[PDB]
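**Student:** Structure supplied as protein-v6.cif; contents: mmCIF, N, CA and C atoms; chains and numbers go by the auth columns.
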```cif
data_target
#
loop_
_atom_site.group_PDB
_atom_site.id
_atom_site.type_symbol
_atom_site.label_atom_id
_atom_site.label_comp_id
_atom_site.label_asym_id
_atom_site.label_seq_id
_atom_site.Cartn_x
_atom_site.Cartn_y
_atom_site.Cartn_z
_atom_site.B_iso_or_equiv
_atom_site.auth_seq_id
_atom_site.auth_asym_id
ATOM 1 N N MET A 1 117.654 115.053 106.429 0.00 1 I
ATOM 2 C CA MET A 1 117.212 114.535 107.746 0.00 1 I
ATOM 3 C C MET A 1 116.387 113.267 107.562 0.00 1 I
ATOM 4 N N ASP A 2 116.493 112.676 106.378 0.00 2 I
ATOM 5 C CA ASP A 2 115.627 111.571 105.972 0.00 2 I
ATOM 6 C C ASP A 2 116.027 111.100 104.578 0.00 2 I
ATOM 7 N N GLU A 3 116.329 112.054 103.713 0.00 3 I
ATOM 8 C CA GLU A 3 116.858 111.765 102.387 0.00 3 I
ATOM 9 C C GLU A 3 117.639 112.991 101.909 0.00 3 I
ATOM 10 N N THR A 4 118.250 112.895 100.742 0.00 4 I
ATOM 11 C CA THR A 4 119.042 113.986 100.199 0.00 4 I
ATOM 12 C C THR A 4 118.139 115.063 99.589 0.00 4 I
ATOM 13 N N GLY A 5 117.487 115.849 100.446 0.00 5 I
ATOM 14 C CA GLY A 5 116.658 116.937 99.968 0.00 5 I
ATOM 15 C C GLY A 5 115.231 116.822 100.459 0.00 5 I
ATOM 16 N N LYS A 6 114.575 117.960 100.637 0.00 6 I
ATOM 17 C CA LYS A 6 113.180 117.977 101.036 0.00 6 I
ATOM 18 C C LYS A 6 112.393 118.992 100.226 0.00 6 I
ATOM 19 N N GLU A 7 112.348 120.221 100.708 0.00 7 I
ATOM 20 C CA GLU A 7 111.730 121.349 99.992 0.00 7 I
ATOM 21 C C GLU A 7 110.196 121.230 99.865 0.00 7 I
ATOM 22 N N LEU A 8 109.696 120.016 99.617 0.00 8 I
ATOM 23 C CA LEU A 8 108.268 119.752 99.389 0.00 8 I
ATOM 24 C C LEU A 8 107.749 120.412 98.105 0.00 8 I
ATOM 25 N N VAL A 9 107.167 119.601 97.236 0.00 9 I
ATOM 26 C CA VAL A 9 106.530 120.106 96.030 0.00 9 I
ATOM 27 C C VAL A 9 105.121 119.566 95.889 0.00 9 I
ATOM 28 N N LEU A 10 104.280 120.352 95.254 0.00 10 I
ATOM 29 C CA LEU A 10 102.895 119.993 95.053 0.00 10 I
ATOM 30 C C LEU A 10 102.656 119.601 93.599 0.00 10 I
ATOM 31 N N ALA A 11 102.196 118.375 93.386 0.00 11 I
ATOM 32 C CA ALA A 11 101.867 117.902 92.051 0.00 11 I
ATOM 33 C C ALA A 11 100.640 118.634 91.517 0.00 11 I
ATOM 34 N N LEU A 12 100.826 119.409 90.454 0.00 12 I
ATOM 35 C CA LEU A 12 99.729 120.174 89.867 0.00 12 I
ATOM 36 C C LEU A 12 98.957 119.322 88.881 0.00 12 I
ATOM 37 N N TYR A 13 99.687 118.566 88.083 0.00 13 I
ATOM 38 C CA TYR A 13 99.085 117.740 87.055 0.00 13 I
ATOM 39 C C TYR A 13 99.372 116.282 87.370 0.00 13 I
ATOM 40 N N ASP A 14 98.544 115.378 86.867 0.00 14 I
ATOM 41 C CA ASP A 14 98.771 113.965 87.088 0.00 14 I
ATOM 42 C C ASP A 14 99.730 113.443 86.034 0.00 14 I
ATOM 43 N N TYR A 15 100.734 112.706 86.477 0.00 15 I
ATOM 44 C CA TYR A 15 101.836 112.339 85.610 0.00 15 I
ATOM 45 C C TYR A 15 102.075 110.839 85.626 0.00 15 I
ATOM 46 N N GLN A 16 102.076 110.248 84.445 0.00 16 I
ATOM 47 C CA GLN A 16 102.420 108.849 84.289 0.00 16 I
ATOM 48 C C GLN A 16 103.833 108.736 83.732 0.00 16 I
ATOM 49 N N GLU A 17 104.736 108.205 84.555 0.00 17 I
ATOM 50 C CA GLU A 17 106.123 107.984 84.154 0.00 17 I
ATOM 51 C C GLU A 17 106.193 107.237 82.821 0.00 17 I
ATOM 52 N N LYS A 18 106.893 107.819 81.859 0.00 18 I
ATOM 53 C CA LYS A 18 107.040 107.193 80.542 0.00 18 I
ATOM 54 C C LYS A 18 108.295 106.325 80.504 0.00 18 I
ATOM 55 N N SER A 19 109.113 106.443 81.536 0.00 19 I
ATOM 56 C CA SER A 19 110.325 105.656 81.646 0.00 19 I
ATOM 57 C C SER A 19 110.557 105.310 83.115 0.00 19 I
ATOM 58 N N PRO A 20 111.227 104.181 83.413 0.00 20 I
ATOM 59 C CA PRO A 20 111.511 103.764 84.799 0.00 20 I
ATOM 60 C C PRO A 20 112.316 104.796 85.597 0.00 20 I
ATOM 61 N N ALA A 21 112.898 105.772 84.908 0.00 21 I
ATOM 62 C CA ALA A 21 113.654 106.833 85.567 0.00 21 I
ATOM 63 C C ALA A 21 112.721 107.950 86.030 0.00 21 I
ATOM 64 N N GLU A 22 111.476 107.876 85.587 0.00 22 I
ATOM 65 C CA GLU A 22 110.453 108.831 85.972 0.00 22 I
ATOM 66 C C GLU A 22 109.619 108.258 87.106 0.00 22 I
ATOM 67 N N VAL A 23 108.710 109.055 87.647 0.00 23 I
ATOM 68 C CA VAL A 23 107.819 108.560 88.683 0.00 23 I
ATOM 69 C C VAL A 23 106.362 108.845 88.333 0.00 23 I
ATOM 70 N N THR A 24 105.495 107.940 88.749 0.00 24 I
ATOM 71 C CA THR A 24 104.060 108.129 88.623 0.00 24 I
ATOM 72 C C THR A 24 103.537 108.923 89.814 0.00 24 I
ATOM 73 N N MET A 25 102.950 110.077 89.544 0.00 25 I
ATOM 74 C CA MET A 25 102.432 110.928 90.601 0.00 25 I
ATOM 75 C C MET A 25 101.034 111.410 90.249 0.00 25 I
ATOM 76 N N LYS A 26 100.182 111.511 91.249 0.00 26 I
ATOM 77 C CA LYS A 26 98.853 112.054 91.049 0.00 26 I
ATOM 78 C C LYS A 26 98.767 113.451 91.637 0.00 26 I
ATOM 79 N N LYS A 27 98.201 114.370 90.868 0.00 27 I
ATOM 80 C CA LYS A 27 98.080 115.755 91.300 0.00 27 I
ATOM 81 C C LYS A 27 97.318 115.853 92.611 0.00 27 I
ATOM 82 N N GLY A 28 97.686 116.838 93.406 0.00 28 I
ATOM 83 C CA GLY A 28 97.101 116.990 94.719 0.00 28 I
ATOM 84 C C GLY A 28 98.010 116.452 95.804 0.00 28 I
ATOM 85 N N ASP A 29 98.833 115.471 95.448 0.00 29 I
ATOM 86 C CA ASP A 29 99.762 114.865 96.397 0.00 29 I
ATOM 87 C C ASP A 29 100.954 115.774 96.658 0.00 29 I
ATOM 88 N N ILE A 30 101.470 115.714 97.880 0.00 30 I
ATOM 89 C CA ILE A 30 102.665 116.459 98.250 0.00 30 I
ATOM 90 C C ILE A 30 103.880 115.540 98.173 0.00 30 I
ATOM 91 N N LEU A 31 104.832 115.890 97.322 0.00 31 I
ATOM 92 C CA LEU A 31 106.002 115.049 97.108 0.00 31 I
ATOM 93 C C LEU A 31 107.216 115.664 97.784 0.00 31 I
ATOM 94 N N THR A 32 108.244 114.859 97.985 0.00 32 I
ATOM 95 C CA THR A 32 109.506 115.356 98.495 0.00 32 I
ATOM 96 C C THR A 32 110.425 115.731 97.336 0.00 32 I
ATOM 97 N N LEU A 33 110.982 116.930 97.399 0.00 33 I
ATOM 98 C CA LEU A 33 111.855 117.429 96.354 0.00 33 I
ATOM 99 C C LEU A 33 113.299 117.029 96.641 0.00 33 I
ATOM 100 N N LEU A 34 113.851 116.228 95.758 0.00 34 I
ATOM 101 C CA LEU A 34 115.193 115.697 95.913 0.00 34 I
ATOM 102 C C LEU A 34 116.198 116.493 95.086 0.00 34 I
ATOM 103 N N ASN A 35 115.715 117.112 94.019 0.00 35 I
ATOM 104 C CA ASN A 35 116.557 117.927 93.156 0.00 35 I
ATOM 105 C C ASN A 35 115.722 118.956 92.414 0.00 35 I
ATOM 106 N N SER A 36 116.072 120.221 92.582 0.00 36 I
ATOM 107 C CA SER A 36 115.443 121.292 91.831 0.00 36 I
ATOM 108 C C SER A 36 116.500 122.161 91.171 0.00 36 I
ATOM 109 N N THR A 37 117.736 121.683 91.198 0.00 37 I
ATOM 110 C CA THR A 37 118.850 122.423 90.635 0.00 37 I
ATOM 111 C C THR A 37 119.027 122.072 89.157 0.00 37 I
ATOM 112 N N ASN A 38 118.235 121.112 88.687 0.00 38 I
ATOM 113 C CA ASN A 38 118.238 120.753 87.277 0.00 38 I
ATOM 114 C C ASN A 38 117.203 121.592 86.538 0.00 38 I
ATOM 115 N N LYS A 39 117.555 122.028 85.340 0.00 39 I
ATOM 116 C CA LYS A 39 116.706 122.930 84.563 0.00 39 I
ATOM 117 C C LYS A 39 115.481 122.222 83.986 0.00 39 I
ATOM 118 N N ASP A 40 115.542 120.907 83.850 0.00 40 I
ATOM 119 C CA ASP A 40 114.504 120.180 83.153 0.00 40 I
ATOM 120 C C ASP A 40 113.856 119.110 84.028 0.00 40 I
ATOM 121 N N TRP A 41 114.611 118.087 84.367 0.00 41 I
ATOM 122 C CA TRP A 41 114.085 116.980 85.145 0.00 41 I
ATOM 123 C C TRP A 41 114.404 117.139 86.622 0.00 41 I
ATOM 124 N N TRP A 42 113.371 117.317 87.417 0.00 42 I
ATOM 125 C CA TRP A 42 113.529 117.389 88.854 0.00 42 I
ATOM 126 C C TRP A 42 113.407 116.001 89.451 0.00 42 I
ATOM 127 N N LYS A 43 113.932 115.824 90.644 0.00 43 I
ATOM 128 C CA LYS A 43 113.896 114.527 91.295 0.00 43 I
ATOM 129 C C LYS A 43 112.944 114.612 92.463 0.00 43 I
ATOM 130 N N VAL A 44 111.984 113.710 92.518 0.00 44 I
ATOM 131 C CA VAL A 44 110.996 113.719 93.584 0.00 44 I
ATOM 132 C C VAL A 44 110.740 112.310 94.081 0.00 44 I
ATOM 133 N N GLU A 45 110.334 112.199 95.329 0.00 45 I
ATOM 134 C CA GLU A 45 109.996 110.913 95.903 0.00 45 I
ATOM 135 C C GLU A 45 108.504 110.840 96.175 0.00 45 I
ATOM 136 N N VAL A 46 107.856 109.868 95.561 0.00 46 I
ATOM 137 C CA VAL A 46 106.424 109.667 95.718 0.00 46 I
ATOM 138 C C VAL A 46 106.182 108.183 95.958 0.00 46 I
ATOM 139 N N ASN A 47 105.236 107.854 96.847 0.00 47 I
ATOM 140 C CA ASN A 47 104.942 106.471 97.259 0.00 47 I
ATOM 141 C C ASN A 47 106.202 105.761 97.768 0.00 47 I
ATOM 142 N N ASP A 48 106.967 105.153 96.880 0.00 48 I
ATOM 143 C CA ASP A 48 108.235 104.537 97.249 0.00 48 I
ATOM 144 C C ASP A 48 109.237 104.690 96.115 0.00 48 I
ATOM 145 N N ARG A 49 108.847 105.439 95.096 0.00 49 I
ATOM 146 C CA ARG A 49 109.661 105.583 93.908 0.00 49 I
ATOM 147 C C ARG A 49 110.173 107.009 93.790 0.00 49 I
ATOM 148 N N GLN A 50 111.483 107.162 93.869 0.00 50 I
ATOM 149 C CA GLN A 50 112.093 108.473 93.773 0.00 50 I
ATOM 150 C C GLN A 50 112.895 108.593 92.479 0.00 50 I
ATOM 151 N N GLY A 51 112.344 109.349 91.549 0.00 51 I
ATOM 152 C CA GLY A 51 112.952 109.505 90.246 0.00 51 I
ATOM 153 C C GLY A 51 112.760 110.908 89.717 0.00 51 I
ATOM 154 N N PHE A 52 112.586 111.040 88.413 0.00 52 I
ATOM 155 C CA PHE A 52 112.475 112.351 87.799 0.00 52 I
ATOM 156 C C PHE A 52 111.048 112.678 87.357 0.00 52 I
ATOM 157 N N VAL A 53 110.740 113.970 87.411 0.00 53 I
ATOM 158 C CA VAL A 53 109.499 114.529 86.884 0.00 53 I
ATOM 159 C C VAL A 53 109.799 115.860 86.192 0.00 53 I
ATOM 160 N N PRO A 54 108.926 116.305 85.276 0.00 54 I
ATOM 161 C CA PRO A 54 109.074 117.607 84.624 0.00 54 I
ATOM 162 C C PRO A 54 108.866 118.766 85.600 0.00 54 I
ATOM 163 N N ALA A 55 109.789 119.721 85.569 0.00 55 I
ATOM 164 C CA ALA A 55 109.751 120.877 86.463 0.00 55 I
ATOM 165 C C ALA A 55 108.460 121.688 86.307 0.00 55 I
ATOM 166 N N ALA A 56 107.865 121.631 85.124 0.00 56 I
ATOM 167 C CA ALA A 56 106.658 122.401 84.831 0.00 56 I
ATOM 168 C C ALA A 56 105.395 121.721 85.359 0.00 56 I
ATOM 169 N N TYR A 57 105.551 120.558 85.974 0.00 57 I
ATOM 170 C CA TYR A 57 104.396 119.786 86.435 0.00 57 I
ATOM 171 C C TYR A 57 104.224 119.866 87.944 0.00 57 I
ATOM 172 N N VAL A 58 105.284 120.230 88.644 0.00 58 I
ATOM 173 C CA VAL A 58 105.229 120.351 90.090 0.00 58 I
ATOM 174 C C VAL A 58 105.412 121.800 90.524 0.00 58 I
ATOM 175 N N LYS A 59 104.824 122.147 91.655 0.00 59 I
ATOM 176 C CA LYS A 59 104.894 123.501 92.171 0.00 59 I
ATOM 177 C C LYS A 59 105.682 123.543 93.469 0.00 59 I
ATOM 178 N N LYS A 60 106.422 124.623 93.665 0.00 60 I
ATOM 179 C CA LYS A 60 107.179 124.819 94.891 0.00 60 I
ATOM 180 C C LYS A 60 106.237 125.110 96.050 0.00 60 I
ATOM 181 N N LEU A 61 106.251 124.246 97.049 0.00 61 I
ATOM 182 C CA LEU A 61 105.580 124.526 98.309 0.00 61 I
ATOM 183 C C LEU A 61 106.611 125.093 99.272 0.00 61 I
ATOM 184 N N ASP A 62 107.671 125.605 98.673 0.00 62 I
ATOM 185 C CA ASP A 62 108.840 126.062 99.385 0.00 62 I
ATOM 186 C C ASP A 62 109.152 127.497 98.995 0.00 62 I
#
```
Could you rewrite the structure in this file as structure tokens?
**Tutor:**
Amino acid sequence: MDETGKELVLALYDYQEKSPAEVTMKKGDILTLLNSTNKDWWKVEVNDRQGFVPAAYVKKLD
């Protein structure tokens, strides 16, 4: 209804993208979940950058 996926996830830990395919996120922020069907790298949209983050770093608000 806005992008390919929502679900909402909560950043537990602060994450600095180590690659341009990753995203920089600060814990406490609520991100949009674009992909959670991947076992390792989830896709989230934060600020204006929608890329990958570690599944173990974000929590399901869903």
**Student:** What separation in Å, quoted to one decimal, exists between atom CA of residue I:21 and atom CA of residue I:3?
**Tutor:**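 One can read the atom CA of residue I:21 to atom CA of residue I:3 distance as 17.8 Å.
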**Student:** Starting from the displayed file, determine the output of the PyMOL selection byres ((chain I and resi 53) around 7) and express the residue list as a PDB file with N, CA and C atoms, in the frame of the given file.
**Tutor:**
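What landed in result.pdb:
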```pdb
ATOM      1  N   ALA I  21     112.898 105.772  84.908  1.00  0.00           N
ATOM      2  CA  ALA I  21     113.654 106.833  85.567  1.00  0.00           C
ATOM      3  C   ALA I  21     112.721 107.950  86.030  1.00  0.00           C
ATOM      4  N   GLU I  22     111.476 107.876  85.587  1.00  0.00           N
ATOM      5  CA  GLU I  22     110.453 108.831  85.972  1.00  0.00           C
ATOM      6  C   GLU I  22     109.619 108.258  87.106  1.00  0.00           C
ATOM      7  N   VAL I  23     108.710 109.055  87.647  1.00  0.00           N
ATOM      8  CA  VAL I  23     107.819 108.560  88.683  1.00  0.00           C
ATOM      9  C   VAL I  23     106.362 108.845  88.333  1.00  0.00           C
ATOM     10  N   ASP I  40     115.542 120.907  83.850  1.00  0.00           N
ATOM     11  CA  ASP I  40     114.504 120.180  83.153  1.00  0.00           C
ATOM     12  C   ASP I  40     113.856 119.110  84.028  1.00  0.00           C
ATOM     13  N   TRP I  41     114.611 118.087  84.367  1.00  0.00           N
ATOM     14  CA  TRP I  41     114.085 116.980  85.145  1.00  0.00           C
ATOM     15  C   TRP I  41     114.404 117.139  86.622  1.00  0.00           C
ATOM     16  N   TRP I  42     113.371 117.317  87.417  1.00  0.00           N
ATOM     17  CA  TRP I  42     113.529 117.389  88.854  1.00  0.00           C
ATOM     18  C   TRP I  42     113.407 116.001  89.451  1.00  0.00           C
ATOM     19  N   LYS I  43     113.932 115.824  90.644  1.00  0.00           N
ATOM     20  CA  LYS I  43     113.896 114.527  91.295  1.00  0.00           C
ATOM     21  C   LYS I  43     112.944 114.612  92.463  1.00  0.00           C
ATOM     22  N   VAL I  44     111.984 113.710  92.518  1.00  0.00           N
ATOM     23  CA  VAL I  44     110.996 113.719  93.584  1.00  0.00           C
ATOM     24  C   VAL I  44     110.740 112.310  94.081  1.00  0.00           C
ATOM     25  N   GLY I  51     112.344 109.349  91.549  1.00  0.00           N
ATOM     26  CA  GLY I  51     112.952 109.505  90.246  1.00  0.00           C
ATOM     27  C   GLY I  51     112.760 110.908  89.717  1.00  0.00           C
ATOM     28  N   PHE I  52     112.586 111.040  88.413  1.00  0.00           N
ATOM     29  CA  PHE I  52     112.475 112.351  87.799  1.00  0.00           C
ATOM     30  C   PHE I  52     111.048 112.678  87.357  1.00  0.00           C
ATOM     31  N   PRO I  54     108.926 116.305  85.276  1.00  0.00           N
ATOM     32  CA  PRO I  54     109.074 117.607  84.624  1.00  0.00           C
ATOM     33  C   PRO I  54     108.866 118.766  85.600  1.00  0.00           C
ATOM     34  N   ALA I  55     109.789 119.721  85.569  1.00  0.00           N
ATOM     35  CA  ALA I  55     109.751 120.877  86.463  1.00  0.00           C
ATOM     36  C   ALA I  55     108.460 121.688  86.307  1.00  0.00           C
ATOM     37  N   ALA I  56     107.865 121.631  85.124  1.00  0.00           N
ATOM     38  CA  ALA I  56     106.658 122.401  84.831  1.00  0.00           C
ATOM     39  C   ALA I  56     105.395 121.721  85.359  1.00  0.00           C
ATOM     40  N   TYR I  57     105.551 120.558  85.974  1.00  0.00           N
ATOM     41  CA  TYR I  57     104.396 119.786  86.435  1.00  0.00           C
ATOM     42  C   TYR I  57     104.224 119.866  87.944  1.00  0.00           C
ATOM     43  N   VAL I  58     105.284 120.230  88.644  1.00  0.00           N
ATOM     44  CA  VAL I  58     105.229 120.351  90.090  1.00  0.00           C
ATOM     45  C   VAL I  58     105.412 121.800  90.524  1.00  0.00           C
TER      46      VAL I  58
END
```
**Student:** To one decimal in Å, tell me the separation between atom CA of residue I:16 and atom CA of residue I:38.
**Tutor:**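 If I compute the distance from atom CA of residue I:16 to atom CA of residue I:38, I get 20.0 Å.
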**Student:** Pick out the closest residue to residue I:31 from this set: I:45, I:2, I:62, I:15. Count all atoms listed in the file.
**Tutor:**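 Checking each candidate against residue I:31, we get I:45 as the closest.
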**Student:** Using backbone DSSP assignments, extract all strand (DSSP E or B) residues from chain I; output them as a PyMOL selection string.
**Tutor:** chain I and resi 9-11+15+22+25+30-35+41-46+49-54+58-60
**Student:** Mind giving me the straight-line distance from atom C of residue I:19 to atom CA of residue I:49 in Å, one decimal?
**Tutor:**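 Computing the Euclidean distance for atom C of residue I:19 and atom CA of residue I:49 yields 10.8 Å.
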**Student:** Output the residue selection produced by the PyMOL selection byres ((chain I and resi 6) around 6.5) on the file above, formatted as a list in words.
**Tutor:**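 That expression, the PyMOL selection byres ((chain I and resi 6) around 6.5), corresponds here to residues 3, 4, 5, 7, 8, 9, 32, 33 and 34 of chain I.
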**Student:** Between I:28, I:35, I:11, I:1, which residue has the minimum interatomic distance to residue I:50, considering only C-alpha atoms?
**Tutor:**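 Nearest candidate to residue I:50 out of I:28, I:35, I:11, I:1: I:35.
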